[PDB]
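Asks: This one's experimental. Sequence and coordinates below.
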Amino acid sequence: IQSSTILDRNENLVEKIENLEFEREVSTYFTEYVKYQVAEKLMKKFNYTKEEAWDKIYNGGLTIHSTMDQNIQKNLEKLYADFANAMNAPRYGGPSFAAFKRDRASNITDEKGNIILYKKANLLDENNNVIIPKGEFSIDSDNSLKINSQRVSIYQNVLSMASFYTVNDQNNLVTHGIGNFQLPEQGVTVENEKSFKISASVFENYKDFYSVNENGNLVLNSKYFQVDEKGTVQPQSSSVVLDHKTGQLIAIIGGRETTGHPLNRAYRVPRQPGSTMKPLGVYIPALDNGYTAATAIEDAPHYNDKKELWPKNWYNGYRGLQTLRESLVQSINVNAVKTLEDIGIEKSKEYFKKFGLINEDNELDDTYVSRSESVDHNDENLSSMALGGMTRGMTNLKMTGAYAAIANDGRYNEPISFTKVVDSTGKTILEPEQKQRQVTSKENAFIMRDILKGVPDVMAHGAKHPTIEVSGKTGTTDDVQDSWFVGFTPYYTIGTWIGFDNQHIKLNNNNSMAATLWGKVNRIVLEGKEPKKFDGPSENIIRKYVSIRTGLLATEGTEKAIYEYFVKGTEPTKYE
Ligand SMILES: [Cl-]
Ligand SMILES: [Mg+2]
């Protein structure tokens, strides 16, 4: 009788769950993940199937006490709804922030030249009908249709259409999809995915399916290929706000759209993390394996196993001997690869597991491709685990939850979106079991936060907060395909990604634009919070005046020397 409801962290109603396969005040981003996570935790507890667990969510009269802070979630959606204006999207040139290749007819293509997004007018007519130009369709004497164009593809007897782009009132790119049509079981002969013939015995049950116009072009009916008229605005962004002390998820944004049921990229669409992988894949393990924040690493020409100048740093050159602190702050690629070469790829996989990037149990429920999952294209790589050029990437949720471990004194907490589920009678039938695991020592977590505190002044001025200390790491992937910033204040851990859904389109803003938005997200999350600084050093950390050339205690006359944090027992005892 009763209906299932989701509440916020203050017991306020947020969704009345109904099967669609009151007036909402927030987008479906947060509430979708609640139901997703509740379903997983329900299957584990009661040995339910996907269907059995969802039948309980739909019709079980359950009240889900989610962790959402509705005001933060609402306000962050204000920002994302106003993405174009907040990020100063240029409005007079080409599509805002978009860097892509176009053909002479203004269709967006890949690097090779294949069309990936048609200009709407080149693909659709005035009635949202697909037009196939002359020379790419033929009707034989048997009134059967032959199509051989890049606009239509066929696979498993299902006609799939190409996708097109528009440009909205704010000069932002908007990509639309066209639906598919299930061609009958028999009546089609295929040559390649782009060349096929449909026999007239199929058009008999339809008849209104195609039409040649006054220009000898084939016109397919929109009633069988549904046109996504609203589309999806580009570039897209996602943010994840997390209380690292408890692992509770405070707000989730999975895209710019805030109405309908938009794709929640925050946990469903992995992307390349880039240099944000360096702290938790390389240097955090290094600090537990014989490295200190003052350890000198030589930024010098490095070569791969095939005698090629790999990798290349972002600054076209080499900076020479740099401490571990500077190697991470300056995001040196050579020093990151050299450090992951010293420690193991296997030693790194241990931290991928502990940070939650690798699911120790299923290992197919993760976005990491192991040697078991693949031998040709796997993630057991130096490019993947040191530079963030992964086979599939990581989701924003996994990256934020891993950085939250650094913020939470090196202790990982599985991000939970609910605290209890209450049935009709009033008993708690579900309470999440937070997989709490210690990734690194409390001391190393502090040192890493202090190292990454120097990143905003060097690469992310937009992330700096007026009254609350900010520590984080930037990530720009190859060709500015992805822009990342993941970090934390004393209060929350936040992760922000910006990029185009179609990775062939790149960004023309290589000015850490995700970090600029991250600051806007952080300022909204921290509204009303008192000024606060990061926690002080533990009693197991000593400070020493050391030389950057080695790591040894600096004396007078030492050229370059600073005071650095050391875990007690790792500081140098001898002098330069
Ligand atoms: Cl530099
Ligand atoms: Mg895997």
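Replies: Yes, it's here. Numbers count the residues shown, from 1 in each chain. Ligands and ions are numbered 1, 2, ... in the order given.
Asks: Tell me which stretches of the stretch 301-450 of the chain form helices.
Replies: 324-329, 333-342, 345-354, 382-387, 396-407, 442-452 (DSSP state H, counting those that start in this stretch).
Asks: by how many degrees do the second one and helix 345-354 diverge?
Replies: Going by axes from the mean of the first three to the mean of the last three C-alpha atoms, to 10 degrees, helix 333-342 is angled at 100 degrees with respect to helix 345-354.
Asks: Next one: residue 526 relative to residue 416, how far apart?
Replies: From residue 526 over to residue 416 the distance is 22 Å, taken as C-beta to C-beta, to the nearest Å. Backbone N, C-alpha and C define where each C-beta goes, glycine included.
Asks: ditto for residue 281
Replies: 24 Å.
Asks: Between the two, which is the more surrounded one?
Replies: residue 281 (27 against 21; other C-beta atoms under 10 Å).
Asks: Return the residues of the protein in contact with ligand 2.
Replies: 363, 366, 368 (C-beta under 5 Å from the ion).
Asks: now, among the residues you listed, which is nearest to residue 334?
Replies: residue 368 (24.2 Å; C-beta to C-beta).
Asks: Assign residue 44 to helix, strand or coil.
Replies: helix (DSSP: H, G, I helix; E, B strand; the rest coil).
Asks: try residue 523
Replies: Secondary structure for residue 523, judged by three-state DSSP, is helix.
Asks: which residue does the stretch 1-150 of the chain bring closest to ligand 2?
Replies: Here the stretch 1-150 of the chain gets closest to ligand 2 at one residue, residue 40, 16.6 Å apart by C-beta to the ion.
Asks: so the closest residue to that residue other than its chain neighbours is in which element?
Replies: Spatial nearest neighbour of residue 40, excluding adjacent residues (C-beta to C-beta, 6 or more residues apart in numbering): residue 53 at 7.9 Å. For residue 53, the host element (DSSP states H and E) is helix 50-59.
Asks: Run through who's touching that helix.
Replies: 4, 17-19, 35, 38-40, 42-43, 46, 48, 62 (C-beta atoms under 8 Å, 6 or more residues apart in numbering).
Asks: cool, and stretch 256-271?
Replies: 27-29, 32-33, 36, 77, 80-81, 83, 230, 232-233, 236-240, 252-255, 367, 392-398, 482, 497, 499, 501.
Asks: The closest residue to residue 115 other than its chain neighbours and residue 427: what is the separation?
Replies: Nearest residue to residue 115, sequence neighbours excluded (C-beta to C-beta, 6+ apart): residue 107, at 4.7 Å. Relative to residue 427, residue 107 is positioned 59 Å away (C-beta to C-beta).
Asks: need the helices for the stretch 1-150 of the chain, in chain order.
Replies: Under DSSP H, counting those that start in this stretch, the stretch 1-150 of the chain gives helices at 28-46, 50-59, 70-81, 83-86, 120-123.
Asks: As TSV, those with mean neighbour count and distance to residue 333 would be great.
Replies: Converted to TSV, those look like this (neighbours: other C-beta atoms under 10 Å; distance: least, C-beta to C-beta, whole Å):
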stretch	mean neighbour count	distance to residue 333
helix 28-46	20	33
helix 50-59	16	42
helix 70-81	19	31
helix 83-86	16	30
helix 120-123	18	40
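Asks: Make CSV out of the ones you listed and add distance to residue 549.
Replies: Output for the helices of the stretch 1-150 of the chain, formatted as CSV (distance: least, C-beta to C-beta, whole Å):
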stretch, distance to residue 549
helix 28-46, 49
helix 50-59, 59
helix 70-81, 46
helix 83-86, 45
helix 120-123, 61
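Asks: Report how many residues lie close to residue 171.
Replies: By the measure other C-beta under 10 Å, the count of residues near residue 171 is 17.
Asks: Start at 129, not 1
Replies: Sure, I'll start counting at 129 from here, so that last one is residue 299.
Asks: so who does the spatially closest residue to it that is not a sequence neighbour touch?
Replies: Excluding the flanking residues, the one nearest residue 299 by C-beta to C-beta, 6+ apart is residue 219, at 4.3 Å. Listed by C-beta under 8 Å, 6+ apart, the contact set of residue 219 reads 212, 298, 299.
Asks: cool, and residue 485?
Replies: Applying C-beta under 8 Å, 6+ apart, the residues near residue 485 are 408, 494, 495, 496, 522, 526, 530.
Asks: For the residues you listed, give me JSON lines that also has neighbour count.
Replies: Shown next, in JSON lines, are the contacts of residue 485 (neighbours: other C-beta atoms under 10 Å):
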{"residue": "408", "neighbour count": "28"}
{"residue": "494", "neighbour count": "23"}
{"residue": "495", "neighbour count": "18"}
{"residue": "496", "neighbour count": "25"}
{"residue": "522", "neighbour count": "26"}
{"residue": "526", "neighbour count": "26"}
{"residue": "530", "neighbour count": "29"}
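Asks: The host helix or strand of residue 586: which residues count as buried?
Replies: Residue 586 is part of helix 583-587, with elements assigned from DSSP H and E. By 16 or more other C-beta atoms under 10 Å, the buried positions in helix 583-587 come out as 583, 584, 587.
Asks: One more: stretch 641-651?
Replies: Neighbour-count burial for stretch 641-651, with 16+ other C-beta under 10 Å as criterion, is recorded at 641, 642, 643, 644, 645, 646, 647, 648, 649, 650.
Asks: again with stretch 591-610
Replies: Those would be 591, 596-605, 608-610, for stretch 591-610 by 16+ other C-beta under 10 Å.
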